[PDB]
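Chemist: Starting off with a structure, shown below.
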Amino acid sequence: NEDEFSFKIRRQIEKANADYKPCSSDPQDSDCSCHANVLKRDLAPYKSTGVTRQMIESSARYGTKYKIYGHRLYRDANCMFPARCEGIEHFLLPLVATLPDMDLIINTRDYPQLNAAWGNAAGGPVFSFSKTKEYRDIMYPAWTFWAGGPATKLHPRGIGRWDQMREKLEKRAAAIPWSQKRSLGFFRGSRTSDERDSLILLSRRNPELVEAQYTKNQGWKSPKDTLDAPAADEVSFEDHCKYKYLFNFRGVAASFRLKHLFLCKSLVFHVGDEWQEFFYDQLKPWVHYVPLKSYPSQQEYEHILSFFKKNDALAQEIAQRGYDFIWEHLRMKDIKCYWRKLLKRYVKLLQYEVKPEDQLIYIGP
Ligand SMILES: O=c1ccn([C@@H]2O[C@H](COP(=O)(O)OP(=O)(O)O)[C@@H](O)[C@H]2O)c(=O)[nH]1
């Protein structure tokens, strides 16, 4: 019983860290290649045929049309989520000076647009922040890296400033050494996916093992949105760092929580393997984090937390590498250059001449 489990996890770890190769030959990643595999596989379905003017106008129904013309940025007057457009635009604007013309259909909704099961209508290309193997959407660094992530009490203008968040969590990480972190699984968040229930129910059944509560979101409808319990408070990102075992679940799509959880130097438990942001591909299970299949049971949880509470040296090794990765390969520099290479390889696919369009508004610079 306990030993069978004990080994299985150990083989999986031994196997994983034996198999691991760094995302780049040197830590500085001068050529911006760490996540180059993702943009590669993402554009691929267009390599043979290219992007037609037709495909573009068709795909325009799937998001916010950006257009770079003669090194000037143009965008649909109406952006669905104004603050999200501002997050992306912080990134597009400095590149526009050195980019050729292109048309972009950028989806600022949480959920991807181009279902591969449908055909022809959903060929693309459309840019989204999060997808699964189901979707043809091209992945980009989300708006929240600069501004427009979830608005909360602690982040009234919506969570952002990754440059600032990094310095902040880094301090808090150094201040709270591993041994001083509480040996409890931690979570605080809203019921954006029922994959989160089992941890919350377990917490109510065993608070000494799991401290996990549902918060309230702006889409709250009834008591069901917190499994009939009183809405807990938002707890800050720095305050996560006092617990050893931090859980990350998908929401509508992938959650912004993940990247922040690593910089606590706590052990990140990532549930589900479906939903991605661009950098995830290089986040390797058992190396950087503990993997958990979607819809985990209360018993899965006890066994896995019990295992790591009983293998403290091993836990710490993982927390450390997980921290180092986000630290070394998710700097603002990594974000801007992914943006850069992505658009550069994308423009090459276009089989048509980008013409200006009057209904579009001038964005900058
Ligand atoms: O107590 C909390 C609850 C949420 N968040 C952050 O606010 C965002 C929204 O999280 P929520 O669970 O509400 O939705 P998600 O985006 O995770 O599906 C995420 O980036 C969380 O990391 C936080 O820092 N503290």
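Quick note, the sequence shown lines up with residues 1173 to 1537 if you use this note's numbering.
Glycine residues also receive a C-beta, built at the ideal position from the N, C-alpha and C atoms.
For residue 1590, count the other beta carbons within 10 Å of its own beta carbon; 16 or more makes it buried, fewer makes it exposed. Which is it?
Modeler: The chain is shown from 1173 up to 1537; residue 1590 falls before or after that span and cannot be answered.
Chemist: Rounding to the nearest angstrom, what Cα-Cα distance links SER1365 and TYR1473 in this structure?
Modeler: Taking the sequence shown and counting its residues from 1, one reaches residue 1365 at position 193. Taking the sequence shown and counting its residues from 1, one reaches residue 1473 at position 301. Cα to Cα, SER1365 sits roughly 18 Å from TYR1473.
Chemist: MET1274 lies in the beta strand (DSSP E); which residues open and close that run?
Modeler: For the purposes of this step, residue 1274 is taken as the residue at position 102 of the sequence shown. Here the beta strand (DSSP E) through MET1274 covers 1274-1278.
Chemist: Would the segment 1356-1365 and the segment 1332-1341 be scored as touching if the rule is three or more Cβ pairs under 8 Å?
Modeler: no
Chemist: Please determine if the segment 1194-1208 and the segment 1503-1511 are in contact, where contact requires at least 3 C-beta pairs separated by less than 8 Å.
Modeler: Touching, yes, given that three or more Cβ pairs across the two stretches are closer than 8 Å.
Chemist: Report the partner residues of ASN1287 according to the DSSP bridge assignment.
Modeler: Within the sequence shown, numbered from 1, the residue matching residue 1287 stands at position 115. Bridge partners of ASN1287: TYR1307.
Chemist: When the Cα atoms are used, what is the spatial distance from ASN1189 to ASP1369?
Modeler: For the purposes of this step, residue 1189 is identified with residue 17 of the sequence shown, where counting begins at 1. For the purposes of this step, residue 1369 is identified with residue 197 of the sequence shown, where counting begins at 1. Here the alpha carbon of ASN1189 sits roughly 31 Å from the alpha carbon of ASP1369.
Chemist: For ligand 1, I want to know if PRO1468 counts as a neighbour, meaning its beta carbon is within less than 7 Å of at least one of the ligand's heavy atoms.
Modeler: Residue 1468 sits at position 296 when you count from the first residue of the sequence shown. No - ligand 1 has no heavy atom lying nearer than 7 Å to the Cβ of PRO1468.
Chemist: What does the Cβ neighbour count give for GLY1235, buried or exposed, with the cut at 16 atoms within 10 Å?
Modeler: Mapped onto the sequence shown, residue 1235 falls at position 63. Classification for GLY1235: buried.
Chemist: Three-state secondary structure (DSSP) at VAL1210?
Modeler: By one-based count along the sequence shown, residue 1210 stands at place 38. Reduced to three states, the DSSP call for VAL1210 is helix.
Chemist: Cα separation between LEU1418 and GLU1367?
Modeler: Your numbering for residue 1418 matches position 246 in the sequence shown. Your numbering for residue 1367 matches position 195 in the sequence shown. Rounded to the nearest whole angstrom, the C-alpha separation of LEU1418 and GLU1367 is 15 Å.
Chemist: I want to know whether the segment 1438-1451 touches the segment 1391-1400 - three or more CB-CB distances under 8 Å.
Modeler: no
Chemist: Give the secondary structure of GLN1448 by DSSP, where H, G and I count as helix, E and B as strand, and everything else as coil.
Modeler: Within the sequence shown, numbered from 1, the residue matching residue 1448 stands at position 276. Here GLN1448 sits in strand by DSSP.
Chemist: Need the endpoints of the beta strand (DSSP E) that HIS1501 sits in, please.
Modeler: To locate residue 1501, count along the sequence shown from 1; it is residue 329. Where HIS1501 is concerned, there is no enclosing beta strand (DSSP E), although the alpha helix (DSSP H) it sits in stretches over 1484-1501.
Chemist: At a cut-off of 7 Å, is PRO1322 close to ligand 1 when judged by its beta-carbon and the heavy atoms of the ligand?
Modeler: Position 150 of the sequence shown holds residue 1322. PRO1322 Cβ: within cutoff of ligand 1.
Chemist: Taking residue 1172 as the reference, give the member of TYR1283, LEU1265, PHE1253, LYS1343 with the closest Cα.
Modeler: Since the first and last residues shown for the chain are 1173 and 1537, residue 1172 lies out of range.
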